[PDB]
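> Provided herewith is a single structure, encoded as structure tokens, for subsequent inquiry.
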Amino acid sequence: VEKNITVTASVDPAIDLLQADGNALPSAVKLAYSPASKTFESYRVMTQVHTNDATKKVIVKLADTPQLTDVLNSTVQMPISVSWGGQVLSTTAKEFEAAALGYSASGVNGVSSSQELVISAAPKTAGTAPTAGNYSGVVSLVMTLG
Amino acid sequence: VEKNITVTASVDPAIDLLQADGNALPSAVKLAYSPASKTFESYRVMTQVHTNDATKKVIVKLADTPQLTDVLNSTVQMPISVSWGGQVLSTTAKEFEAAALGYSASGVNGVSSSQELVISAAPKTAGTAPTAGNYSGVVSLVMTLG
Amino acid sequence: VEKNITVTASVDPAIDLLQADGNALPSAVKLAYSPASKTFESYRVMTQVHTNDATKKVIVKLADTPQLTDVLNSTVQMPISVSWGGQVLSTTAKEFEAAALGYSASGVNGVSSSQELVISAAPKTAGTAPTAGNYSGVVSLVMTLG
Amino acid sequence: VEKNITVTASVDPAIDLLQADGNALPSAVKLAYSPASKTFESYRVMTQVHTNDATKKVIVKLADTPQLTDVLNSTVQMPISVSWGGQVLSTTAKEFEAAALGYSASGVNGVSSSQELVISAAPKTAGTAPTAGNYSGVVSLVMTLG
Amino acid sequence: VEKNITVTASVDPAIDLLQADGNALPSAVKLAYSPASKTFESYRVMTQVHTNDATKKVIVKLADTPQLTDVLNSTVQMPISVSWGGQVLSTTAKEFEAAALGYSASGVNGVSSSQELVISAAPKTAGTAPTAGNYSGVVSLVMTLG
Amino acid sequence: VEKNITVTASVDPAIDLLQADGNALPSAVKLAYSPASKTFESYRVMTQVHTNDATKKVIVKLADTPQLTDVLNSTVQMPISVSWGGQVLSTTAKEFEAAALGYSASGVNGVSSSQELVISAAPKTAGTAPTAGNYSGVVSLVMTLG
Amino acid sequence: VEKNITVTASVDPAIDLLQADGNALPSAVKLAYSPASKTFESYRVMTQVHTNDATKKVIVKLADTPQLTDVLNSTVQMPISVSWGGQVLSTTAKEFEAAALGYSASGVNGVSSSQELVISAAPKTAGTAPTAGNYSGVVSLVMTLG
Amino acid sequence: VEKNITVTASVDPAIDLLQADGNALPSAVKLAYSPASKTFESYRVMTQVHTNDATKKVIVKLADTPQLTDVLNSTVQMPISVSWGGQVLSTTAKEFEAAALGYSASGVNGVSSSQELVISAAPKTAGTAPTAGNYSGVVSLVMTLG
Amino acid sequence: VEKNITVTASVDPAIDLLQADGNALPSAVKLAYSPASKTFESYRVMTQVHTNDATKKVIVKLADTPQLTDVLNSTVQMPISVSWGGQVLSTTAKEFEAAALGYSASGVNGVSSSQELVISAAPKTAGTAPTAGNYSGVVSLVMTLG
Amino acid sequence: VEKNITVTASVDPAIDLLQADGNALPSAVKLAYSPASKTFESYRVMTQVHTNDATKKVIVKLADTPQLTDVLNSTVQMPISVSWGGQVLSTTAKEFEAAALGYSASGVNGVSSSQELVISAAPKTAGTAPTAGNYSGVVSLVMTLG
Amino acid sequence: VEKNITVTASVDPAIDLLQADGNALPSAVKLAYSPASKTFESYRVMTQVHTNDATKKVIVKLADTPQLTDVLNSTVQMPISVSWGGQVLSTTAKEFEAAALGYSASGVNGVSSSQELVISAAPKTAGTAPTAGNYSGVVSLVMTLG
Amino acid sequence: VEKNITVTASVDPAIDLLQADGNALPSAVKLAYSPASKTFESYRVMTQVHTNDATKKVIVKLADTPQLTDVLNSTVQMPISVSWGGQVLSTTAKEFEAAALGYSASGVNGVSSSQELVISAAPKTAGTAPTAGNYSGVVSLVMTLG
Amino acid sequence: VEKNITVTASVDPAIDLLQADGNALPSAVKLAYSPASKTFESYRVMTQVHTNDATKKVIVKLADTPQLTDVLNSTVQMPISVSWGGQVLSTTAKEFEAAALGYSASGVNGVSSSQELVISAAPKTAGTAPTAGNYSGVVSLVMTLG
């Protein structure tokens, strides 16, 4: 009754971000939208960086296009509003103090403190509800260790 | 340590239903079953419609098959009993008074009053417990603004 | 570093069926089989017809042989059980009411309501598990606009 | 504004255990740990069996591994201490008298009396606090009707 | 608007393993890695064997190479740590008692009890984080009925 | 039982583009078309350039005819809309900053950051669905290192 | 409208290797090359030997020249790295245990277990990317039944 | 640098069969053979007749010898098993209903529906694997419009 | 067992066209014809010019008669539609920019970029299917270096 | 309508070489030439010796003049580069081990394994493209059984 | 520069056989011989009779000596094995049904269907390879219209 | 063993026509005849004029009698249809532009481009097959340099 | 109807040269001439010496006048260029090794290997085309056995 399965992984020492509970982060999410408020639902997560070096500061930015579109119209576009660690992130570089994270906090060396993550996104135009339709797009959270 | 994520959304002005607390509704649920009562658990939610027009009445119905089955026998079937807003819903059209909802109620224009939602479901046959097994099926809650 | 790629497409106005989320449908699928139940896994999808004419009724049937076989024995055969839109489909013609689909539903004109799709298949014989082996076959979902 | 939802269920006549109030039981729980006492928090519930046969005695055991671990180290392990109905449960079979439960008690035939449930768990080693970290594991409460 | 689809299946009486909920098992998975712990994420599933003979004991082993590599360097290798049913599995034969599984348990004859599945994997070397890179490899879970 | 196989390859140092996961890119793709939107499906991929020189900027253009046709009428033509790296590509030369790609990002020197790829294509004429038929054509993605 | 077609085949009892799914194996393949790693892509397949005698051990080797070249320079050469069944193959004879393959495994007598196949190939020289160009060559997988 | 090329074609109005995608059909094919099943591989294609008259029924048969042989022994012979359009074909005349093909189906007038094609072939003798060797032979698919 | 073989070649410096993969081009081809579309099959190739001088522009034309006929009636004639490099070719002279070809592209000096080749051909008369019959004719692709 | 035909043949026991598929070898071939590489196209074939004695070793050489010329200038000459069976051949005698060929391989006694054949040829002078012109010459592959 | 040429022809109404493609048949052929099989190569052609009368049946036989010899020993002889139209031919008269040929088939009146032609030939003696040498002989295919 | 041989030649500067490959032209040819089409086979060659003066235009005509006859009846006659260089030739003078031939084309000065040659011939009478018999006659291709 | 015929022959043991196929050699030949190259056509044959003594070496030369002339002017003369067996021949004596010919080669004792024969001839003067005219002359190939 042999039943095979695929396995994969990705290592990248000077560890990535992870879920605060000690699991992986999502690979997807759904957001709502209320044109009575003209906002998506502000998706939120608490997360805990790990590392392999407790001093080096962590660098963050994004790829060019944190924006959605129509699943069957590539022309429609709407940006995305991202923020983590207590403030906004950009396509340009940010950098966070290692001391401001508690690597020797509750758990074990490398485990930072729990950090607020936020994924919002809004219409590009104010006072304007976008077109009725299923929309989609990807955030490619650039991040590294300085 | 770049870590990308998918995002999606769906707009449809003249807003859908939403959770009363001001969040999204469930995408899934589990129900029990007691053949000592021969009923599932009557799942319940309080919800709050939004809109983009405070006068137009809201229309409701369902798709053809609010019924479950066996996860490995498509032949087994059992209907589902749905009701919202104080009464039952059908595959045929209902319609609710806008004035009977309080769009200028506690919060802000468009926010209706909190509405009782109910998802029950029962054996198709009376005095008959169905077969032992994991069962499944989807409700496609048709709804729109008249 | 020039790297070329093939592209294709198929148009057929009075649109085909599509995935409910606003994407393409599968080109393949795998089904299980439990001879403890003597059924395949009842594969299921929610889908949304489009069109170029909101009145005309949609016609459906199948090609002659919705049946599987052995990948290395063409003699073995087992039929397939298909159903969509709330009922079974045949090699003979069905036809669905346009009004019973909600082309002016949640999204935009032409977008029907979400429709249940089902792909099951069973042994031709009752109380009979077929031969151990990888099996295969194709469904050619005839469909058009009346 | 059509918004679909998943539904599921599981039947198994000769009913499972249920919450004493007449609801479902938890699907999860959190426990603390005090190495000043070197114990988790003794989680507790009152519950009420149902059935479809008031005479047959109810059998209980567990799957092999009522033990936790580290969420990112499968090697760490610590057992779990379970007890229900007034005494301990095992990976081996127990069995409870039907008469000792009051199926004709307060409510209606089948409704047993309220039964104490207990979920504790401790370090495998005495005088030893385990490693700092989020831990996890599942109990698979085998149970049936004799 | 004819739209064809492929279908396949695989039978093998004396059934394979399946998802505990009554669905298929995954065909793929992703694991993380924290060199602060120097472990992948311990992936886990609860599963339920089926059969066509309730007495015969189930045999298990693996193919030669439960190990990963680099997607663009076949030389890199790291083993994989598998365990199911309460203990480890090997490239050599194991065998499980039928009585220790509950084929007459909650559901119906053949349906075993829910069994813990675990897929971990670690660096071959201790105190050594592997090279930064996307890695891959397959487990071919040999299994049969004794 | 000797069974021979062909092998080929193509080298071109100052590496081509590759799949972000660390595999090859597609050699083909299928696109849909909805004349309710009058768009193909916006096909998308995340990709990661490699190189042999981390400073030199990467040049891009296309061959003359990013357009489809009819498989049995060479006269029918419809252009193609391509874009990569955050913007559109042409039959004329583009050029991308090396610093804006993260060659020292998550993985190893040369591995750029993950880049959005997009393959759309539309009718040449607005408000015009093309003829019913299977269509085809090739994109020859000119690209090199400046 | 008579339209003729060629057919061929090759028998060789004591069967050759075949695709694990129950189909033929490839007649060709493409490999990449990254001089950032200085490796081709490690091509991989899972396969299942058949036979006409379940005891006899299977012998393997290769023809003299598992190496590529330039399509327009026969002088350029680079070897190929092959391995199957859990280890490397040579121009010299190997031999595999019949018992170590599971001919009475999941399917039917003769069907071995699924075996890992690997086709890699590298520059003959270390720290040396070969010349820019389309390359080619054939592997003639000698194999027989001992 | 003048480089000449041959061109040919064949017209025969009341069109021949063609590939379903809108291309030509194969001029050759290879089949396997497993004497563990004692069958070739059941080769399969989906195809779409065209015509110049939508009413007339299409006639089919074969030439005398749908059989293979040895490439260096004309005495060896083995028949071939052909079937198309949902059933078997012969050296004698068949005939298919025009209405049962959908000439006004998805595409344009004349384009029939997609039709299953099958090319199998077996040993003439049961329980008998033929001689080891490369074999060959041609099918001359007689067909016309009634 | 001496077995002799003929060899030939043709040099012409300032190289001819060649197959893009790095092989020779075809010496022949077959085209279909569908009088439901009244077109042959649009045959296509991607190709790569070479040279011995990277500046000089390449000149193209054709011989007088890019037309087919009947294999046993020289009177029947039908022209041929040729196009390469992004546009049509004639019996008169064309000329292509060297800079518009990428001789320093992916490979090595002289290797142009991949160029689309097209060989179509149609009935001389519109709304007219030619006579049933095998047809033939040659294209003599005049070409040189300006 | 009597139509006569010539037939010939050549026997020479201790068989010659033959095509690997089980057919005759070519009597002619065309080679290209790229003075951007200054090489002909490396023509290649896989072949299978036969014999009438499985032990005796096979001897090979060539006649004096494996070289081309001009079809209208006998003075022009360019040598030819031949190699078979994994290495080069000469006007002098080579000899191959019978055991190194697999006469009891896939097929039947006498049928050797598939052997790589290569026909290249180059300008006699380095850095020198020969004269523009059609060239020709014959290889007389001396070969026998030792 | 006057250059004269010979021309000839042969008419014989109630036409001879011809090549199926619409060309002449061969005037010569070469056959191999493998005394490992002790057979020549089974030469084969597909052909299409023409006529001037669609009813009359076609008669066939041969001249006395379908046999080869030595080019320098007239005493050596070996017969020839001919077959056409689905069966063997003789020095005695055969005759074929006109209706069994499709004169109103794909092309035009008179054009029969494509017919298998076969030219084999073998040693006169079994288990006997003939003498080493170039051999020759002619078949004079008697044929006419009954 | 002295063995003598005749040699001849013919010079005529301002060269004659020659075979395009760089060889002599035929001295004879055979044509078929199908009274189902009432045409001979349209014999065809590609050829390349040479010269000793690249400007002068080439003149062409024929001798009086491009017609066949019976080999044993000089009274029977049938004309011949000749055409070269893209059009018909006569017993009267034609003349071709030197510039329209490419003397500086692919090869070397004097070598014209490849020119289509055609030798057809038909019954003198329409709807009339000539007498059964071997026929013959000569074309004397007058040609010179103007 | 008595019809007589002449016969002749010539014996000369220690055999002459013969055609490689096993026939006689030509008694005549025609050569072309291109004053664009100022060469005749290089006539060529492959041939096979026989003998009556396998050791003795074969001697070759020519008679005095391997030269042509005018058929009606004996004064015009042009030499001839002969070469055989891999090199030139003279009016003086050459001699070839018996061992370098393979008398025990493919066929039977005495049959040498196939030897290249060449008959060229050129103007006596360089840069000089001879007079327009039919020319002639004989080569008397002296040859014997040393």
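Order determines the names: the first chain of the structure tokens is A, the second B, and so forth; residues in each chain are numbered 1 upward, and ligands are numbered 1 upward as they are shown.
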Pick out the residues sitting within 6 Å of segment 63-75 of chain B, and hand them over as a ChimeraX atom specification; count only C-alpha atoms, and ignore anything fewer than 6 positions along from it in its own chain.
/B:91,135-137,139-140 /C:41-42,86
> Find the spatial neighbours of residue 116 of chain A, counting only C-alpha atoms, within a cut-off of 9 Å - ignore same-chain residues fewer than 5 positions away - and output them as number ranges by chain.
A: 44-47, 83-86
> Write out as a VMD selection string each polymer residue whose atoms come within 9 Å of segment 9-11 of chain E, counting only C-alpha atoms; drop sequence neighbours fewer than 5 positions from it.
(chain C and resid 29 to 35 40 68 129 to 136) or (chain E and resid 16) or (chain G and resid 107)
> Write down as JSON, numbers by chain the residues of chain M whose backbone DSSP state falls under strand (DSSP E or B).
{"M": [19, 30, 34, 39, 43, 44, 45, 46, 47, 58, 59, 60, 67, 68, 69, 70, 73, 74, 75, 76, 77, 78, 79, 81, 82, 83, 84, 87, 88, 94, 95, 96, 115, 116, 117, 118, 119, 120, 134, 135, 136, 137, 138, 139, 140, 141, 143, 144, 145]}
> Skip residue 4 of chain L itself and residues of its chain fewer than 5 positions away, then list as a list in words all residues within 9 Å of it, counting only C-alpha atoms.
residues 27, 28, 138, 139, 140, 141 and 142 of chain M
> Write to file, as a PDB file, in the first residue's frame, the residues of the selection just made, with N, CA, C and O atoms.

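Below you can see again_13.pdb, which holds the result:
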```
ATOM      1  N   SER M  27      33.660   1.271 -69.505  1.00  0.00           N
ATOM      2  CA  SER M  27      34.483   1.394 -70.692  1.00  0.00           C
ATOM      3  C   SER M  27      34.549   2.827 -71.201  1.00  0.00           C
ATOM      4  O   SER M  27      35.335   3.110 -72.111  1.00  0.00           O
ATOM      5  N   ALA M  28      33.752   3.731 -70.636  1.00  0.00           N
ATOM      6  CA  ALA M  28      33.754   5.124 -71.052  1.00  0.00           C
ATOM      7  C   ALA M  28      33.223   5.978 -69.916  1.00  0.00           C
ATOM      8  O   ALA M  28      32.724   5.472 -68.908  1.00  0.00           O
ATOM      9  N   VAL M 138      41.974   8.748 -74.492  1.00  0.00           N
ATOM     10  CA  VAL M 138      41.888   7.465 -73.811  1.00  0.00           C
ATOM     11  C   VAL M 138      42.988   7.384 -72.770  1.00  0.00           C
ATOM     12  O   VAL M 138      44.107   7.858 -72.984  1.00  0.00           O
ATOM     13  N   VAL M 139      42.650   6.774 -71.644  1.00  0.00           N
ATOM     14  CA  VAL M 139      43.612   6.360 -70.638  1.00  0.00           C
ATOM     15  C   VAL M 139      43.780   4.862 -70.779  1.00  0.00           C
ATOM     16  O   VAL M 139      42.788   4.125 -70.846  1.00  0.00           O
ATOM     17  N   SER M 140      45.026   4.414 -70.826  1.00  0.00           N
ATOM     18  CA  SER M 140      45.371   3.002 -70.906  1.00  0.00           C
ATOM     19  C   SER M 140      46.045   2.648 -69.586  1.00  0.00           C
ATOM     20  O   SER M 140      47.259   2.777 -69.436  1.00  0.00           O
ATOM     21  N   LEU M 141      45.242   2.194 -68.630  1.00  0.00           N
ATOM     22  CA  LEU M 141      45.719   2.014 -67.263  1.00  0.00           C
ATOM     23  C   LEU M 141      46.598   0.784 -67.204  1.00  0.00           C
ATOM     24  O   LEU M 141      46.126  -0.324 -66.971  1.00  0.00           O
ATOM     25  N   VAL M 142      47.903   0.987 -67.387  1.00  0.00           N
ATOM     26  CA  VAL M 142      48.847  -0.096 -67.163  1.00  0.00           C
ATOM     27  C   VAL M 142      48.773  -0.501 -65.705  1.00  0.00           C
ATOM     28  O   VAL M 142      48.636   0.335 -64.804  1.00  0.00           O
TER      29      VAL M 142
END
```
> Please list as a list in words every residue within 7 Å of segment 80-82 of chain A, counting only C-alpha atoms and excluding residues in the same chain fewer than 2 positions away.
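Listed by chain and then number, they are residues 66, 67, 78, 84, 88, 89, 118, 119, 120, 121 and 122 of chain A.
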> Mind dumping the selected residues with N, CA, C and O atoms as a compact mmCIF listing (two decimals), in the first residue's frame?

```txt
# COMPACT_ATOMS: atom_id res chain seq x y z
N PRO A 66 3.87 45.85 -3.56
CA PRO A 66 2.86 45.43 -2.57
C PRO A 66 1.50 46.00 -2.95
O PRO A 66 0.99 46.96 -2.38
N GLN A 67 0.89 45.39 -3.97
CA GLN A 67 -0.39 45.84 -4.48
C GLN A 67 -1.17 44.65 -5.02
O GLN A 67 -0.58 43.65 -5.44
N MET A 78 -4.29 48.18 -6.65
CA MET A 78 -4.50 48.89 -5.42
C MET A 78 -3.33 48.57 -4.51
O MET A 78 -3.01 47.38 -4.34
N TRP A 84 5.22 46.40 10.69
CA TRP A 84 5.67 45.36 11.60
C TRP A 84 6.61 45.98 12.62
O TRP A 84 7.24 47.01 12.36
N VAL A 88 5.89 51.18 10.12
CA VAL A 88 5.61 50.85 8.73
C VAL A 88 6.88 50.32 8.08
O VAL A 88 8.00 50.61 8.51
N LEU A 89 6.68 49.52 7.04
CA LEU A 89 7.76 49.03 6.21
C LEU A 89 7.57 49.50 4.78
O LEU A 89 6.47 49.84 4.35
N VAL A 118 1.13 43.47 11.03
CA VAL A 118 -0.08 44.09 10.51
C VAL A 118 -0.04 44.01 9.00
O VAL A 118 0.95 44.40 8.38
N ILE A 119 -1.14 43.55 8.40
CA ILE A 119 -1.32 43.57 6.96
C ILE A 119 -2.67 44.22 6.73
O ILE A 119 -3.72 43.59 6.90
N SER A 120 -2.64 45.49 6.34
CA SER A 120 -3.81 46.19 5.84
C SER A 120 -3.59 46.50 4.37
O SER A 120 -2.53 46.25 3.80
N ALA A 121 -4.63 47.06 3.77
CA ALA A 121 -4.58 47.47 2.38
C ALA A 121 -5.89 48.18 2.09
O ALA A 121 -6.93 47.83 2.65
N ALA A 122 -5.82 49.17 1.21
CA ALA A 122 -6.91 50.11 1.03
C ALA A 122 -7.04 50.43 -0.46
O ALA A 122 -6.14 50.14 -1.24
```
